[PDB]
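Chains as they are written, first to last, in the UniProt record's numbering: chain L, 10 to 105; chain R, 19 to 81.
#1: With burial defined as no fewer than 16 other Cβ atoms inside 10 Å of the residue's Cβ, what is the status of residue 12 (chain L): buried or exposed?
#2: In three-state terms, what does DSSP make of residue 12 (chain L)?
#3: Between residue 22 (chain L) and residue 78 (chain L), how many whole angstroms is the CB-CB distance? I'm expecting something under 8 Å.
#4: Using a threshold of 9 Å, state whether the C-beta atoms of residue 97 (chain L) and residue 80 (chain L) are closer than that.
#5: Can you name the residues of chain R whose CB is closer than 8 Å to the CB of residue 19 (chain L)?
#6: My guess is that residue 49 (chain L) and residue 39 (chain L) are in contact by the Cβ rule of under 8 Å, so how many angstroms apart are they, rounded?
#7: Would DSSP call residue 57 (chain L) helix, strand or coil?
#8: Can you give me the C-alpha to C-alpha distance between residue 76 (chain L) and residue 43 (chain L), rounded to a whole angstrom?
#9: Exposed or buried, residue 25 (chain L), counting other C-beta atoms within 10 Å across all chains shown (16 or more means buried)?
#10: I'd like the list of long-range same chain contacts for residue 56 (chain L), defined as Cβ closer than 7 Å, with 5 residues on each side in sequence excluded.
#11: Answer yes or no: the CB of residue 53 (chain L) versus the heavy atoms of the ligand HEM, is any distance below 8 Å?
#12: Taking the C-alpha atoms as reference points, what is the distance between residue 30 (chain R) and residue 23 (chain R)?
#13: Drop a sphere of 10 angstroms on the beta-carbon of residue 50 (chain R), count the other beta-carbons inside from all chains shown, and report buried for 16 or more, exposed for fewer.
#14: Would you call residue 64 (chain L) buried or exposed, if buried means 16 or more other Cβ atoms sit within 10 Å of its Cβ?
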């Protein structure tokens, strides 16, 4: 449901970095070999679909505790150390 | 008028004029030690804080 904006993606990067690891590694290896966007096209959809699935899962499982996290991250321009309150409120319900 | 101004019986109270010195404040190596120890402890604290800031920045970059 959420649009993959800057705030949501930065907020959920913690969960992306442990569930999207193989797809991200594959895309990075593909991009390193050749800079062609055309050649990296096919691997550029696997990561997109897996990240969107993760965002859907996080939105459904952690609904109220993620909207406030995204709102505060957008408010403070993605600075983790400032608030952090909705942060632990977020991994409290999402177990990562 | 037989009531001239003058000192009271027994004279006036003794006074001081010899430049009493208070000698206030820390003395000798007290300030030097208090500054050197503060400098060392503060440098250690600064190193610890820089380590913490480096950890924060590297986790931000890992995000």
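Using N, Cα and C, we set each Cβ at its ideal position, and we do this for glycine too.
According to the structure shown:
#1: exposed
#2: The three-state secondary structure of residue 12 (chain L), taken from DSSP, is coil.
#3: About 12 Å separates the two Cβ atoms, so there is no contact after all.
#4: no
#5: 81
#6: 5 Å
#7: helix
#8: 38 Å
#9: With 16 or more Cβ atoms within 10 Å of its Cβ, residue 25 (chain L) is classed as buried.
#10: 29, 32, 33, 36
#11: Judged by which ligands are present, the structure shown has none, so any question about the ligand HEM falls away.
#12: 13 Å
#13: By the Cβ-count criterion, residue 50 (chain R) is exposed, with fewer than 16 other Cβ atoms from all chains shown falling within 10 Å of its own Cβ.
#14: It is buried - the Cβ of residue 64 (chain L) has at least 16 other Cβ atoms within 10 Å.
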